[PDB]
Protein chains: 2
Amino acid sequence: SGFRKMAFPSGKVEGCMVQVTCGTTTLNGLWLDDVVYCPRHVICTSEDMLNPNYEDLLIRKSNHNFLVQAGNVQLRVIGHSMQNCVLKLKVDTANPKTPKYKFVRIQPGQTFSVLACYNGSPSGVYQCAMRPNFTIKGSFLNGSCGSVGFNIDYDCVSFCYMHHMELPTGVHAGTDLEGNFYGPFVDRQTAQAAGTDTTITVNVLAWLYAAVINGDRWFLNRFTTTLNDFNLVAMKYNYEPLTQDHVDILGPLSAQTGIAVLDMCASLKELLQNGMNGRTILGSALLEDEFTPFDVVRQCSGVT
Amino acid sequence: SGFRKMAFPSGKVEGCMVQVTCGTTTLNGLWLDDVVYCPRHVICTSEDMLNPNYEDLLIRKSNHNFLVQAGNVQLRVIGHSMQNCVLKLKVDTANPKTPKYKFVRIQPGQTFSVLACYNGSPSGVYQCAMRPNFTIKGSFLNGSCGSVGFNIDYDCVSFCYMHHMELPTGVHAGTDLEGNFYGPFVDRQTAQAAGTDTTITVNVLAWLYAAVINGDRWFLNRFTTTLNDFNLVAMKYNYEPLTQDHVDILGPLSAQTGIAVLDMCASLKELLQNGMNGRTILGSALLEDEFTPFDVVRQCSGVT
Ligand SMILES: CC(=O)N1CCN(CC(=O)Nc2cncc3ccccc23)CC1
Ligand SMILES: CC(=O)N1CCN(CC(=O)Nc2cncc3ccccc23)CC1
């Protein structure tokens, strides 16, 4: 029993983190096989960030200008290329610690672990989610760029995020490992405002199921609702619309607890309208939305 | 910017986790040098747990009854001994992945990372704290015993906790790596109720300083207080008394923000008396107490 915001074990990813320096800037790179992936803004000066022409700036860079260090040993760069907003630095040595891996592009609502790094060295690990506005709420200081987000499926690491930017509002933006930004964000120091950060309804429901499984049941009520009625309330509270696909995804949790998905929706509807009244659910005074249904089943079943 | 409940990178500890089986029970062990540490209740049947005589039960066990597996390879047990509530299984092979380590006994209020494991395999990592009632609020299923709590200081892992028990109220109890339980708990299936789970005041203050550093400033007010006046309010709200030692520990955060510790105490006093009014601080609707002052400085400075 108990339910925590749990990250995946970070060891497999720690074995891939390297330091990348271009000129005076140092950030992190991800070393998989004989390729080091990093944000292309490593080539920029602070002046360049205002309106960078990355193809033009990259012409002035050679393999020997990209300093890649793995621990205290230098890697030899034998090629470089730009793929969207990431650089791929080909090195002469395959990472001996390369885990089984995949590059995946996640959807909003999906969670992942982040291994925050500075100078190619891991500082900490935390869990977050791709927000519906395509930002993430991370913990990143200067030097953290190139830190990655991932999920693990037994022994395969699915990398889904690489950190690139902090917006003026303190929220974060980045790319998948193909270098495509999530959402409309760009790697430029310009006015980029995020859209509405709606709540991930299917994840809140999953977390209410985790609460019931772990003994917190005070919020269960005598009501039910329909998807359409629930969605009228969800729209009012800036919650994402619940679809029949979400109801199907919640099936295993509904079966485990014996609480029909629409009955849990009615409990969530009352919590939205009535508030918590100073009470807590799984140690939280707000409705938590950064656990997917898969995360809840995984944590409640002890998948390793 | 941003502030997350961050755990230490778990790789160094993943390299130490093994499976320990005695009879029909399988739990986790911690392999450091040529010793595997695990809960002594691995020798118990479910009937034994009601009133176990561990010295007597251990007489019936030989080295060959303790099956220790590291990954898919078996370790040879050449000795066994009981130290308080842990067993130390001497193996014929030193763990080649043994990090620099220490065994420390933490005080209530101190935080640590837990690497939840099942069958010697890591499932996830999360952050928690030694509660003032000597319980921890973890996420542990059957099979998780022997999972450990730790802190890292650059390359030295300080192990502080080994998981042993879940109380009937869903909270957790365990030992340090010398086998001494935190608090009054015992490794017996008996009536063990926890005391008051008071809030760790110095940690709440540290987290309010993290909120100011990360831009959440709405709770700052025009007031100040004294330690004695603040403590009258803290006692009323089941908060731990704040001492001058806590004020001294908060010095670096006070210097960073320019907010005197007693002024922050006055902000905390108003939040306790007035509530949050539906507002949030660092994405929380309650006052968070599982970040120590050291955690706040570490996260806000990017220590690796
Ligand atoms: C060349 C240059 O000045 N830069 C700085 C800006 N960066 C982009 C950028 O947004 N970086 C950062 C990302 N995350 C957290 C951050 C905290 C603090 C400061 C910068 C952060 C490009 C490279
Ligand atoms: C021999 C035996 O039956 N046991 C079981 C009890 N254990 C003690 C015990 O409290 N274990 C557990 C610890 N943490 C989470 C847990 C969730 C679910 C169940 C058991 C948990 C001794 C060994």
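What you see below is based on every heavy atom in this structure, not just the backbone, and it leaves out hydrogens, waters and symmetry mates. So you know, we letter chains A, B, ... as the sequences are listed, proteins then strands, and number each from 1. Both ligands and their constituent atoms are indexed starting at 1 by order of listing.
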**Q** Can you name the nearest heavy-atom pair linking B:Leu57 to B:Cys44, along with the distance?
**A**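 Distance-wise, the nearest heavy atoms are CD1-SG, 3.9 Å.
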**Q** List the atom pairs, donor and acceptor, that lie under 3.5 Å between side-chain atoms in residues 117-125 of chain B and the rest of the protein, sequence neighbours left out.
**A**
residue: B:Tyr118; atom: OH; partner: B:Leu141; partner atom: N; Å: 2.9
residue: B:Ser123; atom: OG; partner: B:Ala116; partner atom: O; Å: 3.0

**Q** Is it the case that A:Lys5 places NZ or CZ above or below the six-membered ring of A:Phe291, under 6.0 angstrom from the centre and within 45 degrees of the axis?
**A**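 Because its charged atom sits under 6.0 Å from the ring centre and within 45° of the axis, A:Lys5 does stack over A:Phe291.
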**Q** Any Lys/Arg nitrogen of A:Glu290 or B:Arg4 sitting under 4.0 Å from an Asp/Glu carboxylate oxygen of the other?
**A**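 Salt bridge: yes.
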**Q** Would you say the ring centroid of B:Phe134 lies under 6.0 angstrom from that of B:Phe185?
**A**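 When the ring centroids of B:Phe134 and B:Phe185 are compared, they turn out to be at least 6.0 Å apart.
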**Q** Check ligand 2 for N or O atoms under 3.5 Å from a protein N or O and list each pair with its distance.
**A**
residue: ligand 2; atom: 3 (O); partner: B:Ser46; partner atom: OG; Å: 2.6
residue: ligand 2; atom: 10 (O); partner: B:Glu166; partner atom: N; Å: 2.9
residue: ligand 2; atom: 14 (N); partner: B:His163; partner atom: NE2; Å: 2.7

**Q** Inspect the contact between A:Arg40 and A:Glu55 and indicate whether a charged nitrogen and a carboxylate oxygen are less than 4.0 angstrom apart.
**A**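 The answer is no: the pair does not qualify as a salt bridge.
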